[PDB]
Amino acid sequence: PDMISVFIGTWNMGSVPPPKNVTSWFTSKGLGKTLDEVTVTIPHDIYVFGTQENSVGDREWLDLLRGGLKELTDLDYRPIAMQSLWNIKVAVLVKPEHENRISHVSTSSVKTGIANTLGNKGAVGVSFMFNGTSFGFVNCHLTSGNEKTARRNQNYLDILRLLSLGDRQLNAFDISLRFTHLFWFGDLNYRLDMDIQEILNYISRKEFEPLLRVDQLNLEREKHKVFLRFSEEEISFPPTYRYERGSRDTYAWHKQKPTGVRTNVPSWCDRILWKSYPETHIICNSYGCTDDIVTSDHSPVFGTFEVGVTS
């Protein structure tokens, strides 16, 4: 073809296995810029899944994917690559009609953290050539905590510099330049710079712009300190973190435990960003979160893209 559809899913699963049905994730049905207004489920050319706090072993986890897509699309999707760094996992699967259109499949992982305290923070990446065009997919999980924006940016640049995706002719290059299309997603862990009470009312009024204007990620992009020249689809879905398990009508922003009280204001922790080489084309058609996948204190986020490929 000339254009291809690429699904990207990122989901911090909360150290807890997924439920049997996660169709909503795969089909971009939920809140935000969604595909609720389609009934024929049209398969995508490439499926990319990023997860954080994944308790499922690497082998078992790719089976569920392969199966969920076979049951949704009737096609035996071929897995191209998988990378894990402890509980950070990414997998890429492809429509069988494109298996031999793919080459130079690379994988890498990097453990961010100058004295990374728990040490489950880092990234995993895969890169490959679809016909003549090269792709990169970075799934990461950066430093947690409301006040740790500085550590998150340092993690970003550490991933940026120390991750060896693609082949080694691209090495003086940096990741934002090694690839035709570079998708960066995961639990970036940036939070809202506002007090609990105002955040909740804005969410209850469905007024998201006053919240997005104090989102830490947006702020540090606007200070030109991270993700320089990356794009993000505008966000029109509620913060995906953090919910009580069981449902999606309760932000667990102040739960007391024998390990200390945790005050995490609702935030858009889970993001899909992208950067393309100039004069190359890419359009985002969905960007949202599900509202029925309840196993995790995060809700999964989806993004679909039409991407141009050569031949």
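The first residue of the shown sequence is 1; numbering continues from there.
For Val105, the record comparison shows coordinates present in all the other entries of this protein that model its neighbours, with no third of them leaving it out. Gaps at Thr280 occur in at least a third of the other compared entries of the protein that contain both adjacent residues. For the pair 44-52 and 31-39, the mean B factor over Cα atoms is greater in 31-39. The stretch with the higher mean CA B factor, choosing between 91-99 and 184-192, is 91-99. The residue among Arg213, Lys225, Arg78, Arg152 whose C-alpha atom has the highest B-factor in the PDB entry is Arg78. Ranking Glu233, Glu207, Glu198, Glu71 by the C-alpha B-factor listed in the PDB entry places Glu71 at the top. Placement of the Cα temperature factor of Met3 within the chain: highest third of the modelled residues, per the deposited record. Residue-level temperature factors show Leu65 in the middle third of its chain, judged at the C-alpha atom. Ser286 sits in the middle third of its chain by CA B factor, as recorded in the PDB entry.
In the PDB entry, a CA B factor belonging to the middle third of its chain's modelled residues is recorded for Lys148. Among all modelled residues in this chain, the alpha-carbon of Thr240 has a temperature factor (C-alpha) in the lowest third.
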